[PDB]
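In order, the protein sequences belong to chains D and C. Plus 30 on top of the position in the first sequence (first one is 1) and you've got PDB author numbering. Plus 22 on top of the position in the second sequence (first one is 1) and you've got PDB author numbering.
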Amino acid sequence: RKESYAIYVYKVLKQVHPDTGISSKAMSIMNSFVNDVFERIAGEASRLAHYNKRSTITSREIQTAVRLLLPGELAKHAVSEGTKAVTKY
Amino acid sequence: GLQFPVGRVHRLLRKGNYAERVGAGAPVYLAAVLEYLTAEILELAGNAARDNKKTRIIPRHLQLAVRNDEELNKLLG
Numbered sequence: 031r032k033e034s035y036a037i038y039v040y041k042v043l044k045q046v047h048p049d050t051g052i053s054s055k056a057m058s059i060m061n062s063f064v065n066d067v068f069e070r071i072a073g074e075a076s077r078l079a080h081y082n083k084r085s086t087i088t089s090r091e092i093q094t095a096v097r098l099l100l101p102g103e104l105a106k107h108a109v110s111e112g113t114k115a116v117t118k119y
Numbered sequence: 023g024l025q026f027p028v029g030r031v032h033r034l035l036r037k038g039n040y041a042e043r044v045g046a047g048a049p050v051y052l053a054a055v056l057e058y059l060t061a062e063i064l065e066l067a068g069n070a071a072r073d074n075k076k077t078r079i080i081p082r083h084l085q086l087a088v089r090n091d092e093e094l095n096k097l098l099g
């Protein structure tokens, strides 16, 4: 698409299924999901920041955009993944 | 220990012209969110793979896993 996340998708696949590979045609589809979600989360976080007269996209603005754009428990566990992630330095 | 690099996600946020500056925890939060969603897809896709005895995820297992998981379907429809 625009940016390649193939190696990072390779990373997580070995964590989830170490003995199951992914095709190159499917990796392109995986790379498109990440590129689409990245620009949606970062795009809404910038709208949230620009709105409140903010000059900083922080983790709370990313957390809000994740809550508004991911449906159901997708956002529930993603926010848990995010808050746990920044909880290390 | 993230598989998605906080570094590049920070650079992708700076060159993206989203705001003036980017908080330190923002690429960390986004990298974990990006890593969680792919792990969610790759698991259901990897399941459908070996549920067909396939030792390799092909575009079909990606299409099936997201489509009939209506949370992922409403997200990546």
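Just so it is clear, CB atoms sit at the ideal spot from N, CA and C, and this is done for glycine as well.
By the criterion of Cβ-Cβ separation under 7 Å, what are the contact partners of residue i in chain D?
| i | result |
| --- | --- |
| C/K37 | Going along chain D, no residue has its Cβ under 7 Å from C/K37, so there is no contact; the nearest lies around 10 Å. |
Go through its chain and collect everything with a Cβ distance to residue i's Cβ below 6 Å, but skip five positions before and after it.
| i | result |
| --- | --- |
| C/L94 | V88 |
Residue i versus chain D: which residues are under 8 Å apart at the beta carbon?
| i | result |
| --- | --- |
| C/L84 | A56, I59, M60 |
| C/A48 | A75, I87, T88, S89, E91, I92 |
By the three-class DSSP mapping on this structure, what secondary structure does residue i have?
| i | result |
| --- | --- |
| D/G102 | coil |
| D/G51 | strand |
| D/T86 | strand |
| C/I79 | strand |
Less than 8 Å between CB atoms is the rule here; does residue i satisfy it with respect to chain D?
| i | result |
| --- | --- |
| C/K96 | yes |
Just to confirm my understanding: we take residue i, look at its own chain, exclude 5 residues before and 5 after, and list those with CB closer than 7 Å. What are they?
| i | result |
| --- | --- |
| D/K32 | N65 |
| C/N90 | none |
Name the chain D residues whose beta carbon is nearer than 9 Å to that of residue i?
| i | result |
| --- | --- |
| C/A41 | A75, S76, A79, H80, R84, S85, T86, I87, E91 |
| C/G99 | What C/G99 touches in chain D: nothing, since even the nearest Cβ is about 11 Å away. |
Let me see if you follow: with CB-CB separation under 8 Å, is residue i close to chain C or not?
| i | result |
| --- | --- |
| D/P101 | yes |
| D/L104 | yes |
Among the residues of its own chain, which have a CB less than 8 Å from the CB of residue i, if the five just before and after it don't count?
| i | result |
| --- | --- |
| C/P27 | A53 |
| C/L24 | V50, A53, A54, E57 |
Please list the partners that residue i has in chain C, where partner means a Cβ-to-Cβ separation under 8 Å.
| i | result |
| --- | --- |
| D/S53 | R78, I79, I80, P81 |
**Prompt:** Between the region 106–113 of chain D and the region 45–57 of chain D, do at least 3 Cβ pairs fall closer than 8 Å?
**Reply:** no
**the region 64–74 of chain D contacting the region 98–105 of chain D, beta-carbon criterion three pairs below 8 Å** = Contact between the region 64–74 of chain D and the region 98–105 of chain D is present, because at least three Cβ pairs lie under 8 Å.
**Message:** Under 8 Å: do the region 68–85 of chain C and the region 54–61 of chain D share three or more Cβ pairs, one atom per stretch?
**Reply:** yes
**Message:** Does the structure place the region 29–49 of chain C close enough to the region 84–91 of chain D that three or more beta carbon pairs sit under 8 Å?
**Reply:** yes
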